[PDB]
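Data file: structure_14.pdb. Format and content: PDB, C-alpha atoms.
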ATOM      1  CA  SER A   1     142.456-142.269 147.178
ATOM      2  CA  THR A   2     145.777-143.975 146.535
ATOM      3  CA  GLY A   3     148.211-144.466 143.695
ATOM      4  CA  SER A   4     150.926-147.016 142.972
ATOM      5  CA  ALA A   5     153.454-146.871 140.143
ATOM      6  CA  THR A   6     156.502-148.911 139.241
ATOM      7  CA  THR A   7     159.798-147.065 138.956
ATOM      8  CA  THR A   8     162.484-148.503 136.685
ATOM      9  CA  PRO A   9     166.250-147.858 136.529
ATOM     10  CA  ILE A  10     167.273-145.993 133.390
ATOM     11  CA  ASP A  11     170.447-148.055 132.927
ATOM     12  CA  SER A  12     172.448-150.957 134.334
ATOM     13  CA  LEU A  13     174.019-148.766 137.069
ATOM     14  CA  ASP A  14     170.789-147.389 138.554
ATOM     15  CA  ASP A  15     171.887-143.857 137.655
ATOM     16  CA  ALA A  16     168.278-142.725 137.979
ATOM     17  CA  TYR A  17     164.778-144.164 137.995
ATOM     18  CA  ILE A  18     161.854-143.324 135.719
ATOM     19  CA  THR A  19     158.167-143.609 136.540
ATOM     20  CA  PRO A  20     155.367-143.299 133.948
ATOM     21  CA  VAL A  21     153.093-140.276 134.416
ATOM     22  CA  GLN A  22     149.883-139.532 132.502
ATOM     23  CA  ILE A  23     149.493-135.863 131.533
ATOM     24  CA  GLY A  24     146.529-134.315 129.771
ATOM     25  CA  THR A  25     143.439-135.510 127.960
ATOM     26  CA  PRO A  26     143.776-137.866 126.178
ATOM     27  CA  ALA A  27     146.685-138.998 128.325
ATOM     28  CA  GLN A  28     150.220-138.341 127.177
ATOM     29  CA  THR A  29     152.480-140.719 129.090
ATOM     30  CA  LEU A  30     155.931-139.365 129.934
ATOM     31  CA  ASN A  31     158.618-141.110 131.973
ATOM     32  CA  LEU A  32     159.615-138.748 134.773
ATOM     33  CA  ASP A  33     162.369-138.780 137.373
ATOM     34  CA  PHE A  34     160.640-138.554 140.760
ATOM     35  CA  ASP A  35     162.862-136.252 142.807
ATOM     36  CA  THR A  36     162.366-135.777 146.552
ATOM     37  CA  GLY A  37     165.104-133.113 146.385
ATOM     38  CA  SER A  38     163.214-130.619 144.197
ATOM     39  CA  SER A  39     159.707-129.254 143.804
ATOM     40  CA  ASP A  40     159.026-128.631 140.099
ATOM     41  CA  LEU A  41     157.134-130.941 137.746
ATOM     42  CA  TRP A  42     158.676-130.096 134.387
ATOM     43  CA  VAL A  43     158.614-131.857 131.040
ATOM     44  CA  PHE A  44     160.153-131.907 127.632
ATOM     45  CA  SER A  45     157.505-130.417 125.393
ATOM     46  CA  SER A  46     156.492-129.210 121.968
ATOM     47  CA  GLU A  47     157.960-125.861 123.144
ATOM     48  CA  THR A  48     161.435-127.233 123.852
ATOM     49  CA  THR A  49     164.115-125.874 121.516
ATOM     50  CA  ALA A  50     164.239-128.531 118.812
ATOM     51  CA  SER A  51     168.026-129.001 118.901
ATOM     52  CA  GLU A  52     167.765-129.752 122.642
ATOM     53  CA  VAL A  53     165.391-132.712 122.138
ATOM     54  CA  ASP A  54     167.056-136.021 121.288
ATOM     55  CA  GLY A  55     164.775-139.015 121.790
ATOM     56  CA  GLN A  56     162.652-137.850 124.719
ATOM     57  CA  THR A  57     158.891-138.110 124.673
ATOM     58  CA  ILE A  58     157.352-134.642 124.670
ATOM     59  CA  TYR A  59     154.205-133.152 126.153
ATOM     60  CA  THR A  60     152.163-131.211 123.580
ATOM     61  CA  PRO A  61     149.676-129.036 125.490
ATOM     62  CA  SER A  62     147.790-128.078 122.317
ATOM     63  CA  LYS A  63     146.733-131.743 122.001
ATOM     64  CA  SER A  64     145.319-131.845 125.549
ATOM     65  CA  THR A  65     141.752-130.638 125.917
ATOM     66  CA  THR A  66     142.345-130.013 129.636
ATOM     67  CA  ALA A  67     145.550-127.968 129.283
ATOM     68  CA  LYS A  68     145.413-124.265 130.094
ATOM     69  CA  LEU A  69     148.274-121.791 129.842
ATOM     70  CA  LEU A  70     149.058-120.375 133.279
ATOM     71  CA  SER A  71     149.278-116.832 132.011
ATOM     72  CA  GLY A  72     152.481-114.970 132.811
ATOM     73  CA  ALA A  73     154.067-117.839 134.712
ATOM     74  CA  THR A  74     157.663-118.837 134.063
ATOM     75  CA  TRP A  75     160.085-121.193 135.764
ATOM     76  CA  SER A  76     163.829-121.760 135.879
ATOM     77  CA  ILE A  77     165.699-124.351 137.915
ATOM     78  CA  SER A  78     169.288-125.427 138.508
ATOM     79  CA  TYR A  79     170.191-128.764 140.062
ATOM     80  CA  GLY A  80     173.078-129.851 142.252
ATOM     81  CA  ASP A  81     174.811-131.530 139.307
ATOM     82  CA  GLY A  82     174.952-128.237 137.402
ATOM     83  CA  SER A  83     172.108-129.066 135.012
ATOM     84  CA  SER A  84     169.225-126.678 134.426
ATOM     85  CA  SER A  85     165.995-126.066 132.554
ATOM     86  CA  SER A  86     163.417-123.296 132.158
ATOM     87  CA  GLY A  87     160.179-122.417 130.404
ATOM     88  CA  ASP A  88     156.510-121.552 130.824
ATOM     89  CA  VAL A  89     153.638-123.250 132.633
ATOM     90  CA  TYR A  90     150.358-124.997 131.910
ATOM     91  CA  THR A  91     147.843-126.503 134.259
ATOM     92  CA  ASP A  92     146.578-129.941 133.303
ATOM     93  CA  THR A  93     145.384-133.244 134.689
ATOM     94  CA  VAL A  94     148.218-135.436 135.949
ATOM     95  CA  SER A  95     147.878-139.050 137.059
ATOM     96  CA  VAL A  96     150.442-141.321 138.722
ATOM     97  CA  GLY A  97     149.662-144.964 139.257
ATOM     98  CA  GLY A  98     145.913-144.336 139.218
ATOM     99  CA  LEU A  99     145.981-141.214 141.449
ATOM    100  CA  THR A 100     144.700-138.138 139.602
ATOM    101  CA  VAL A 101     145.282-134.446 140.308
ATOM    102  CA  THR A 102     143.403-131.841 138.302
ATOM    103  CA  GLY A 103     144.902-128.402 137.803
ATOM    104  CA  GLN A 104     148.489-129.537 138.376
ATOM    105  CA  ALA A 105     151.162-127.090 137.257
ATOM    106  CA  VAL A 106     153.030-128.752 134.393
ATOM    107  CA  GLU A 107     156.152-126.739 133.661
ATOM    108  CA  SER A 108     156.901-126.903 129.945
ATOM    109  CA  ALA A 109     160.578-126.630 129.069
ATOM    110  CA  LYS A 110     161.630-124.121 126.464
ATOM    111  CA  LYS A 111     165.310-124.752 127.273
ATOM    112  CA  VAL A 112     167.154-127.665 128.869
ATOM    113  CA  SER A 113     170.858-128.064 129.542
ATOM    114  CA  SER A 114     173.023-130.539 127.680
ATOM    115  CA  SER A 115     172.860-133.342 130.237
ATOM    116  CA  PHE A 116     169.073-133.495 129.845
ATOM    117  CA  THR A 117     169.271-133.507 126.040
ATOM    118  CA  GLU A 118     171.896-136.247 126.163
ATOM    119  CA  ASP A 119     169.717-138.534 128.315
ATOM    120  CA  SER A 120     166.945-139.833 126.094
ATOM    121  CA  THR A 121     165.382-141.900 128.906
ATOM    122  CA  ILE A 122     164.190-139.026 131.140
ATOM    123  CA  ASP A 123     161.267-136.955 129.839
ATOM    124  CA  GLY A 124     161.232-134.571 132.816
ATOM    125  CA  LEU A 125     161.172-134.400 136.603
ATOM    126  CA  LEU A 126     158.405-134.726 139.170
ATOM    127  CA  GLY A 127     159.452-132.903 142.322
ATOM    128  CA  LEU A 128     158.457-134.289 145.715
ATOM    129  CA  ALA A 129     160.272-131.899 148.076
ATOM    130  CA  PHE A 130     158.324-129.121 149.808
ATOM    131  CA  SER A 131     156.415-126.657 147.659
ATOM    132  CA  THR A 132     158.388-123.744 149.157
ATOM    133  CA  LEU A 133     161.159-124.711 146.683
ATOM    134  CA  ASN A 134     158.954-124.520 143.585
ATOM    135  CA  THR A 135     160.480-122.074 141.096
ATOM    136  CA  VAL A 136     157.361-120.837 139.273
ATOM    137  CA  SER A 137     157.120-117.041 139.197
ATOM    138  CA  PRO A 138     155.281-114.836 139.996
ATOM    139  CA  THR A 139     152.902-117.349 141.634
ATOM    140  CA  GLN A 140     154.623-120.336 143.221
ATOM    141  CA  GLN A 141     152.954-123.663 142.443
ATOM    142  CA  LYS A 142     152.315-126.807 144.471
ATOM    143  CA  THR A 143     153.873-130.213 143.938
ATOM    144  CA  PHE A 144     151.846-133.189 142.776
ATOM    145  CA  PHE A 145     151.970-134.596 146.315
ATOM    146  CA  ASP A 146     150.859-131.314 147.892
ATOM    147  CA  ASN A 147     147.908-131.151 145.489
ATOM    148  CA  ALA A 148     146.964-134.799 146.070
ATOM    149  CA  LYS A 149     147.514-134.851 149.826
ATOM    150  CA  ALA A 150     144.025-133.924 151.004
ATOM    151  CA  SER A 151     142.457-136.642 148.837
ATOM    152  CA  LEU A 152     144.833-139.401 149.895
ATOM    153  CA  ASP A 153     143.802-142.040 152.407
ATOM    154  CA  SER A 154     146.879-141.008 154.429
ATOM    155  CA  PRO A 155     149.117-137.979 153.658
ATOM    156  CA  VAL A 156     152.161-140.045 152.758
ATOM    157  CA  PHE A 157     154.144-141.403 149.881
ATOM    158  CA  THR A 158     156.703-144.203 149.921
ATOM    159  CA  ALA A 159     159.825-144.895 147.896
ATOM    160  CA  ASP A 160     160.907-148.510 147.402
ATOM    161  CA  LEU A 161     163.762-148.300 144.927
ATOM    162  CA  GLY A 162     165.268-151.483 143.517
ATOM    163  CA  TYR A 163     168.899-152.490 143.208
ATOM    164  CA  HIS A 164     169.414-153.186 139.521
ATOM    165  CA  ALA A 165     165.666-153.851 139.371
ATOM    166  CA  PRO A 166     162.341-151.991 139.307
ATOM    167  CA  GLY A 167     160.714-150.695 142.456
ATOM    168  CA  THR A 168     157.615-148.797 143.524
ATOM    169  CA  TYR A 169     156.327-145.348 144.455
ATOM    170  CA  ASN A 170     153.089-145.510 146.431
ATOM    171  CA  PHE A 171     150.861-142.568 147.357
ATOM    172  CA  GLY A 172     148.404-142.558 150.227
ATOM    173  CA  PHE A 173     149.176-145.876 151.913
ATOM    174  CA  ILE A 174     151.906-147.967 153.491
ATOM    175  CA  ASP A 175     152.326-151.397 151.918
ATOM    176  CA  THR A 176     153.068-153.495 155.000
ATOM    177  CA  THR A 177     154.196-156.397 152.777
ATOM    178  CA  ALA A 178     157.008-154.345 151.211
ATOM    179  CA  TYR A 179     159.438-154.294 154.148
ATOM    180  CA  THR A 180     160.761-156.466 156.955
ATOM    181  CA  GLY A 181     160.663-155.674 160.645
ATOM    182  CA  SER A 182     159.359-152.276 161.707
ATOM    183  CA  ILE A 183     159.555-148.776 160.250
ATOM    184  CA  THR A 184     161.611-146.368 162.362
ATOM    185  CA  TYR A 185     160.415-142.788 162.082
ATOM    186  CA  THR A 186     162.684-139.789 162.536
ATOM    187  CA  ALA A 187     162.187-136.028 162.689
ATOM    188  CA  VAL A 188     162.289-133.801 159.611
ATOM    189  CA  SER A 189     163.257-130.155 159.255
ATOM    190  CA  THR A 190     161.540-128.381 156.366
ATOM    191  CA  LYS A 191     163.512-125.164 156.890
ATOM    192  CA  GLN A 192     165.485-125.637 153.649
ATOM    193  CA  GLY A 193     162.531-127.121 151.746
ATOM    194  CA  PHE A 194     163.967-130.656 151.822
ATOM    195  CA  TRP A 195     163.198-133.920 153.590
ATOM    196  CA  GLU A 196     166.057-133.124 155.959
ATOM    197  CA  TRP A 197     166.786-135.458 158.863
ATOM    198  CA  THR A 198     169.635-136.510 161.157
ATOM    199  CA  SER A 199     171.179-139.958 160.945
ATOM    200  CA  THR A 200     172.521-141.326 164.225
ATOM    201  CA  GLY A 201     175.794-142.694 162.824
ATOM    202  CA  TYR A 202     177.453-145.252 160.620
ATOM    203  CA  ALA A 203     179.499-148.413 160.375
ATOM    204  CA  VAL A 204     181.856-149.680 157.680
ATOM    205  CA  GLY A 205     181.543-153.375 156.890
ATOM    206  CA  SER A 206     181.563-155.470 160.052
ATOM    207  CA  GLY A 207     183.165-152.633 162.019
ATOM    208  CA  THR A 208     181.805-151.024 165.140
ATOM    209  CA  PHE A 209     179.020-148.474 164.847
ATOM    210  CA  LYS A 210     180.129-144.857 165.289
ATOM    211  CA  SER A 211     177.440-142.803 166.997
ATOM    212  CA  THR A 212     177.506-139.351 165.437
ATOM    213  CA  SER A 213     174.826-136.997 164.136
ATOM    214  CA  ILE A 214     174.801-136.633 160.345
ATOM    215  CA  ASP A 215     172.284-134.101 159.043
ATOM    216  CA  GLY A 216     171.274-134.724 155.452
ATOM    217  CA  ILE A 217     168.447-134.963 152.950
ATOM    218  CA  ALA A 218     166.532-137.941 151.584
ATOM    219  CA  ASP A 219     166.902-137.278 147.844
ATOM    220  CA  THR A 220     165.612-139.776 145.277
ATOM    221  CA  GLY A 221     166.881-137.514 142.484
ATOM    222  CA  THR A 222     170.541-137.883 143.489
ATOM    223  CA  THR A 223     172.261-141.110 142.454
ATOM    224  CA  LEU A 224     174.953-141.413 145.115
ATOM    225  CA  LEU A 225     175.451-141.131 148.875
ATOM    226  CA  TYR A 226     177.265-137.896 149.801
ATOM    227  CA  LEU A 227     178.612-137.761 153.359
ATOM    228  CA  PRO A 228     181.244-135.853 155.348
ATOM    229  CA  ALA A 229     184.822-136.359 154.237
ATOM    230  CA  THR A 230     185.751-138.087 157.508
ATOM    231  CA  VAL A 231     183.044-140.746 157.026
ATOM    232  CA  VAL A 232     183.867-141.261 153.354
ATOM    233  CA  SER A 233     187.599-141.609 154.064
ATOM    234  CA  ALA A 234     186.844-144.206 156.740
ATOM    235  CA  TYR A 235     184.813-146.216 154.217
ATOM    236  CA  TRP A 236     187.301-146.165 151.345
ATOM    237  CA  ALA A 237     190.239-146.887 153.660
ATOM    238  CA  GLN A 238     188.775-150.412 153.870
ATOM    239  CA  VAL A 239     189.132-150.927 150.084
ATOM    240  CA  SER A 240     192.694-151.709 148.985
ATOM    241  CA  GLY A 241     193.817-149.316 146.301
ATOM    242  CA  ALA A 242     190.877-146.921 146.617
ATOM    243  CA  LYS A 243     191.749-143.241 146.417
ATOM    244  CA  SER A 244     190.194-139.869 145.767
ATOM    245  CA  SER A 245     190.924-138.727 142.214
ATOM    246  CA  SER A 246     190.599-135.015 141.510
ATOM    247  CA  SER A 247     190.711-135.678 137.756
ATOM    248  CA  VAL A 248     187.892-138.220 137.856
ATOM    249  CA  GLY A 249     185.910-136.243 140.433
ATOM    250  CA  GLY A 250     185.751-138.517 143.458
ATOM    251  CA  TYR A 251     186.770-141.783 145.020
ATOM    252  CA  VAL A 252     187.672-144.564 142.622
ATOM    253  CA  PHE A 253     188.621-148.123 143.421
ATOM    254  CA  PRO A 254     190.027-151.166 141.618
ATOM    255  CA  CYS A 255     187.269-152.968 139.783
ATOM    256  CA  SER A 256     188.723-156.231 141.178
ATOM    257  CA  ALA A 257     187.817-155.205 144.733
ATOM    258  CA  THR A 258     185.013-156.630 146.834
ATOM    259  CA  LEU A 259     183.374-153.644 148.534
ATOM    260  CA  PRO A 260     182.338-153.653 152.201
ATOM    261  CA  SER A 261     178.831-152.755 153.239
ATOM    262  CA  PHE A 262     177.968-149.381 154.757
ATOM    263  CA  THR A 263     175.459-149.033 157.592
ATOM    264  CA  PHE A 264     173.648-145.836 158.537
ATOM    265  CA  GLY A 265     171.617-145.195 161.657
ATOM    266  CA  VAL A 266     167.972-144.165 161.829
ATOM    267  CA  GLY A 267     167.335-143.638 165.512
ATOM    268  CA  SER A 268     168.279-146.919 167.153
ATOM    269  CA  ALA A 269     167.676-148.801 163.884
ATOM    270  CA  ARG A 270     170.266-149.611 161.233
ATOM    271  CA  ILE A 271     170.021-149.707 157.432
ATOM    272  CA  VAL A 272     172.706-151.796 155.721
ATOM    273  CA  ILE A 273     173.807-150.845 152.204
ATOM    274  CA  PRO A 274     175.432-153.949 150.651
ATOM    275  CA  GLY A 275     178.856-153.410 149.146
ATOM    276  CA  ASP A 276     177.623-154.170 145.634
ATOM    277  CA  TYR A 277     175.282-151.152 145.814
ATOM    278  CA  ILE A 278     178.381-148.926 146.096
ATOM    279  CA  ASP A 279     179.898-150.034 142.755
ATOM    280  CA  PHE A 280     179.206-147.619 139.881
ATOM    281  CA  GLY A 281     181.414-149.418 137.419
ATOM    282  CA  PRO A 282     184.330-148.473 135.208
ATOM    283  CA  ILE A 283     185.088-144.759 135.015
ATOM    284  CA  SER A 284     185.224-145.146 131.208
ATOM    285  CA  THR A 285     184.510-148.162 129.048
ATOM    286  CA  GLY A 286     187.140-150.855 129.524
ATOM    287  CA  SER A 287     188.821-149.190 132.508
ATOM    288  CA  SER A 288     189.783-151.224 135.566
ATOM    289  CA  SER A 289     189.178-148.178 137.777
ATOM    290  CA  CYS A 290     185.622-148.085 139.104
ATOM    291  CA  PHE A 291     183.633-145.143 140.460
ATOM    292  CA  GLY A 292     182.507-145.253 144.065
ATOM    293  CA  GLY A 293     178.933-144.843 145.237
ATOM    294  CA  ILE A 294     179.865-143.080 148.487
ATOM    295  CA  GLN A 295     181.424-139.669 147.903
ATOM    296  CA  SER A 296     182.317-136.603 149.921
ATOM    297  CA  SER A 297     179.731-133.865 150.422
ATOM    298  CA  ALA A 298     182.449-131.350 151.334
ATOM    299  CA  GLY A 299     181.904-129.314 148.150
ATOM    300  CA  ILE A 300     178.085-129.459 148.289
ATOM    301  CA  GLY A 301     177.124-127.806 151.569
ATOM    302  CA  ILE A 302     174.720-130.592 152.552
ATOM    303  CA  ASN A 303     174.874-134.335 153.041
ATOM    304  CA  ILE A 304     172.693-136.282 150.620
ATOM    305  CA  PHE A 305     171.131-139.690 151.213
ATOM    306  CA  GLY A 306     170.654-140.399 147.523
ATOM    307  CA  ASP A 307     169.593-143.554 145.739
ATOM    308  CA  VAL A 308     172.576-145.631 146.988
ATOM    309  CA  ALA A 309     171.227-145.245 150.524
ATOM    310  CA  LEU A 310     167.499-145.089 149.828
ATOM    311  CA  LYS A 311     167.412-148.243 147.682
ATOM    312  CA  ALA A 312     168.577-150.236 150.718
ATOM    313  CA  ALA A 313     165.372-149.247 152.535
ATOM    314  CA  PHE A 314     161.634-148.875 152.336
ATOM    315  CA  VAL A 315     161.248-145.129 152.885
ATOM    316  CA  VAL A 316     158.119-143.333 154.127
ATOM    317  CA  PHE A 317     157.756-139.629 153.326
ATOM    318  CA  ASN A 318     155.119-138.648 155.888
ATOM    319  CA  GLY A 319     153.536-135.335 154.894
ATOM    320  CA  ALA A 320     151.382-134.903 157.977
ATOM    321  CA  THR A 321     151.170-131.422 159.513
ATOM    322  CA  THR A 322     154.526-132.151 161.142
ATOM    323  CA  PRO A 323     156.381-134.187 158.501
ATOM    324  CA  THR A 324     158.555-137.164 159.400
ATOM    325  CA  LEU A 325     160.593-139.799 157.543
ATOM    326  CA  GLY A 326     160.387-143.537 158.108
ATOM    327  CA  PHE A 327     162.951-146.183 157.200
ATOM    328  CA  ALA A 328     162.607-149.964 157.213
ATOM    329  CA  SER A 329     164.843-152.740 156.007
ATOM    330  CA  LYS A 330     163.479-154.878 153.183
TER     331      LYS A 330
END
Would you put the structure from the file into structure tokens?
Amino acid sequence: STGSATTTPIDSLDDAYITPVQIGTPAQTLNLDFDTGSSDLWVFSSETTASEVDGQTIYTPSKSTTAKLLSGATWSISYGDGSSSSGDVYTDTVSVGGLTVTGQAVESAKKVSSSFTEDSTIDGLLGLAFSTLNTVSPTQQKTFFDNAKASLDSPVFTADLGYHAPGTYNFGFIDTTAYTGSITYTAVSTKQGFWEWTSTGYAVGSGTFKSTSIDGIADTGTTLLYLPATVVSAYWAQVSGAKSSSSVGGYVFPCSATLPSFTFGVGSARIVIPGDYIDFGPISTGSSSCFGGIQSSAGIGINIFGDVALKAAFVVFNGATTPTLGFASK
């Protein structure tokens, strides 16, 4: 089997991407944030505290003839941006782009933090990291991909995120028309539960490539590119007037600037992020200070190849017995 679904930016900045997901019988379609940095499929629901729902589409398990309470199971998750959610668990039929999994754990939110309530465009998350990170207790549950894997034509999924435009998540096949050149594959460590890999270096604009190992994660659920402070300083030094602002929370730059590209290495291959991809717009409406798309990871503990980086590539998440990642230009 295969599946293919379009993923759409939630706003004009590409802060996140939403993909329609069919849950239950008859189908209830929710728009979920596919997140290769986490491993829970959770949804706003008829159980979510009413004051914490503001415009999201909810899953109502009592209206699904295939829903079953997973007795005794609870979940609770916190994300790198400080947001969180928690609740109980049903199993139900879940379909993405024509690919169907029966008995998928659908984690129903009883509580969500304010940032979720305040974002009416995201109805939940669909985790695509390794199932070792799934938070369901006392019986850990498998991700949608883990459940689908054995049925897929090939045990892979691909992320093809658009810049200010829709893109595609495919399951079970590589679309050889979706990229240019060749796909360069690179080793993955699953020891932290992430799609963790080592970039071979970087360049700023037309500058020379610096060969240096940068361990980080391929994370579709993180908006920006978070790299070591040395790398980030080297980038922003090429933008007149850019500076790190503690009050704003990162590097800002004059909105009048033209940003240089940023290149990262994948083995001997190179992925070029155009400068425009690094502009996240005014820090507040009407400001002439703009927020940068490359930020320091120093306070995180891990480097994160988020959407800024991934949207410059066609990315293969190869879930074979020994997982690997592939990157191609497009």
Neighbouring residues of range 68-79 of chain A were defined as those with any atom within 6 Å, considering all atoms listed in the file; residues of the same chain fewer than 2 positions away were excluded. Please report them as a PyMOL selection string. chain A and resi 81-91+135-137
Could you write out the selected residues, including C-alpha atoms, as a compact mmCIF listing (two decimals), in the coordinates of the input?
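Listed below is the output, again.txt:
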# COMPACT_ATOMS: atom_id res chain seq x y z
CA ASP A 81 174.81 -131.53 139.31
CA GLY A 82 174.95 -128.24 137.40
CA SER A 83 172.11 -129.07 135.01
CA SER A 84 169.22 -126.68 134.43
CA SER A 85 166.00 -126.07 132.55
CA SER A 86 163.42 -123.30 132.16
CA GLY A 87 160.18 -122.42 130.40
CA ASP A 88 156.51 -121.55 130.82
CA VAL A 89 153.64 -123.25 132.63
CA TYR A 90 150.36 -125.00 131.91
CA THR A 91 147.84 -126.50 134.26
CA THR A 135 160.48 -122.07 141.10
CA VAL A 136 157.36 -120.84 139.27
CA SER A 137 157.12 -117.04 139.20
Between CA of residue 158 in chain A and CA of residue 4 in chain A, what is the distance, to one decimal in Å?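 Value for the CA of residue 158 in chain A-CA of residue 4 in chain A distance: 9.5 Å.
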Quick one: which range 137-176 of chain A residues come within 12 Å of range 219-233 of chain A, and what is the nearest atom pair for each with the distance in Å to one decimal, counting all atoms listed in the file, rows ordered by chain and ascending number, as a Markdown table?
| residue | atom | partner | partner_atom | distance |
| --- | --- | --- | --- | --- |
| A:158 | CA | A:220 | CA | 11.0 |
| A:159 | CA | A:220 | CA | 8.2 |
| A:160 | CA | A:220 | CA | 10.1 |
| A:161 | CA | A:220 | CA | 8.7 |
| A:162 | CA | A:220 | CA | 11.8 |
| A:163 | CA | A:223 | CA | 11.9 |
| A:169 | CA | A:220 | CA | 10.9 |
Contacts of range 177-256 of chain A with range 262-272 of chain A up to 6 Å, shortest pair per row, only C-alpha atoms, as JSON lines:
{"residue": "A:199", "atom": "CA", "partner": "A:265", "partner_atom": "CA", "distance": 5.3}
{"residue": "A:200", "atom": "CA", "partner": "A:265", "partner_atom": "CA", "distance": 4.7}
{"residue": "A:201", "atom": "CA", "partner": "A:265", "partner_atom": "CA", "distance": 5.0}
{"residue": "A:202", "atom": "CA", "partner": "A:264", "partner_atom": "CA", "distance": 4.4}
{"residue": "A:203", "atom": "CA", "partner": "A:263", "partner_atom": "CA", "distance": 4.9}
{"residue": "A:204", "atom": "CA", "partner": "A:262", "partner_atom": "CA", "distance": 4.9}
{"residue": "A:205", "atom": "CA", "partner": "A:262", "partner_atom": "CA", "distance": 5.8}
Would you kindly translate the PyMOL selection byres ((chain A and resi 322-326) around 6) into the concrete residues it picks from this file, as a list in words? residues 183, 184, 185, 186, 187, 188, 315, 316, 317, 318, 319, 320, 321 and 327 of chain A
Would you list the contacts of residue 99 in chain A as a list in words, taking every protein, DNA or RNA residue within 7 Å and counting all atoms listed in the file, but skipping same-chain residues closer than 6 positions in sequence? residues 1, 2 and 3 of chain A
Find the residue from A:67, A:152, A:43, A:178 that sits nearest to residue 126 in chain A; use only C-alpha atoms when measuring. A:43
Residues matched by the PyMOL selection byres ((chain A and resi 132) around 9), written as a PDB file with C-alpha atoms, in the coordinates of the input:
ATOM      1  CA  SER A  39     159.707-129.254 143.804  1.00  0.00           C
ATOM      2  CA  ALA A 129     160.272-131.899 148.076  1.00  0.00           C
ATOM      3  CA  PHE A 130     158.324-129.121 149.808  1.00  0.00           C
ATOM      4  CA  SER A 131     156.415-126.657 147.659  1.00  0.00           C
ATOM      5  CA  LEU A 133     161.159-124.711 146.683  1.00  0.00           C
ATOM      6  CA  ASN A 134     158.954-124.520 143.585  1.00  0.00           C
ATOM      7  CA  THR A 135     160.480-122.074 141.096  1.00  0.00           C
ATOM      8  CA  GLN A 140     154.623-120.336 143.221  1.00  0.00           C
ATOM      9  CA  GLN A 141     152.954-123.663 142.443  1.00  0.00           C
ATOM     10  CA  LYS A 142     152.315-126.807 144.471  1.00  0.00           C
ATOM     11  CA  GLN A 192     165.485-125.637 153.649  1.00  0.00           C
ATOM     12  CA  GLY A 193     162.531-127.121 151.746  1.00  0.00           C
TER      13      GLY A 193
END
Taking the file as shown, find all residues satisfying the PyMOL selection byres ((chain A and resi 112-116) around 9) and write them as a PDB file with C-alpha atoms, keeping the file's coordinate frame.
ATOM      1  CA  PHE A  44     160.153-131.907 127.632  1.00  0.00           C
ATOM      2  CA  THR A  48     161.435-127.233 123.852  1.00  0.00           C
ATOM      3  CA  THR A  49     164.115-125.874 121.516  1.00  0.00           C
ATOM      4  CA  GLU A  52     167.765-129.752 122.642  1.00  0.00           C
ATOM      5  CA  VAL A  53     165.391-132.712 122.138  1.00  0.00           C
ATOM      6  CA  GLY A  82     174.952-128.237 137.402  1.00  0.00           C
ATOM      7  CA  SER A  83     172.108-129.066 135.012  1.00  0.00           C
ATOM      8  CA  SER A  84     169.225-126.678 134.426  1.00  0.00           C
ATOM      9  CA  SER A  85     165.995-126.066 132.554  1.00  0.00           C
ATOM     10  CA  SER A  86     163.417-123.296 132.158  1.00  0.00           C
ATOM     11  CA  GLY A  87     160.179-122.417 130.404  1.00  0.00           C
ATOM     12  CA  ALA A 109     160.578-126.630 129.069  1.00  0.00           C
ATOM     13  CA  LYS A 110     161.630-124.121 126.464  1.00  0.00           C
ATOM     14  CA  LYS A 111     165.310-124.752 127.273  1.00  0.00           C
ATOM     15  CA  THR A 117     169.271-133.507 126.040  1.00  0.00           C
ATOM     16  CA  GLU A 118     171.896-136.247 126.163  1.00  0.00           C
ATOM     17  CA  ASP A 119     169.717-138.534 128.315  1.00  0.00           C
ATOM     18  CA  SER A 120     166.945-139.833 126.094  1.00  0.00           C
ATOM     19  CA  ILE A 122     164.190-139.026 131.140  1.00  0.00           C
ATOM     20  CA  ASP A 123     161.267-136.955 129.839  1.00  0.00           C
ATOM     21  CA  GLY A 124     161.232-134.571 132.816  1.00  0.00           C
TER      22      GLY A 124
END
Within 10 Å of range 283-299 of chain A, counting all atoms listed in the file, which residues show up once you throw out same-chain ones fewer than 3 positions away? Write them as a ChimeraX atom specification, please. /A:216,223-233,235-236,241-245,248-257,259,262,275-280,302-309
Can you work out the spacing between CA of residue 258 in chain A and CA of residue 212 in chain A in Å, to one decimal?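 Computing the Euclidean distance for CA of residue 258 in chain A and CA of residue 212 in chain A yields 26.5 Å.
Considering the residues A:260, A:80, A:103, A:26 and counting only C-alpha atoms, residue 147 in chain A has its shortest atom-to-atom contact with A:103.
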Option closest in space to residue 121 in chain A, from A:282, A:138, A:181, A:20 [counting all atoms listed in the file]: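 Answer, going by the shortest atom-to-atom distance: A:20.
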Å distance separating CA of residue 59 in chain A from CA of residue 100 in chain A, one decimal place: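 Atom-to-atom, CA of residue 59 in chain A to CA of residue 100 in chain A, that is 17.2 Å.
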Residue nearest residue 21 in chain A - candidates A:98, A:172, A:281, A:166, atoms counted: only C-alpha atoms: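 Nearest to residue 21 in chain A: A:98.
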Find, counting only C-alpha atoms, the residue in A:51, A:101, A:217, A:40 that gets nearest to residue 22 in chain A.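 For residue 22 in chain A, the nearest of the candidates is A:101.
Nearest residue to residue 310 in chain A, choosing from A:218, A:173, A:239, A:56 and counting all atoms listed in the file: A:218.
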Identify the residues around (158.7, -145.0, 130.8) within a radius of 7 Å, measuring from all atoms listed in the file in the coordinates stated by the file, and give them as a PDB file with C-alpha atoms, in the frame of the given file.
ATOM      1  CA  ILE A  18     161.854-143.324 135.719  1.00  0.00           C
ATOM      2  CA  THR A  19     158.167-143.609 136.540  1.00  0.00           C
ATOM      3  CA  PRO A  20     155.367-143.299 133.948  1.00  0.00           C
ATOM      4  CA  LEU A  30     155.931-139.365 129.934  1.00  0.00           C
ATOM      5  CA  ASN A  31     158.618-141.110 131.973  1.00  0.00           C
TER       6      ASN A  31
END
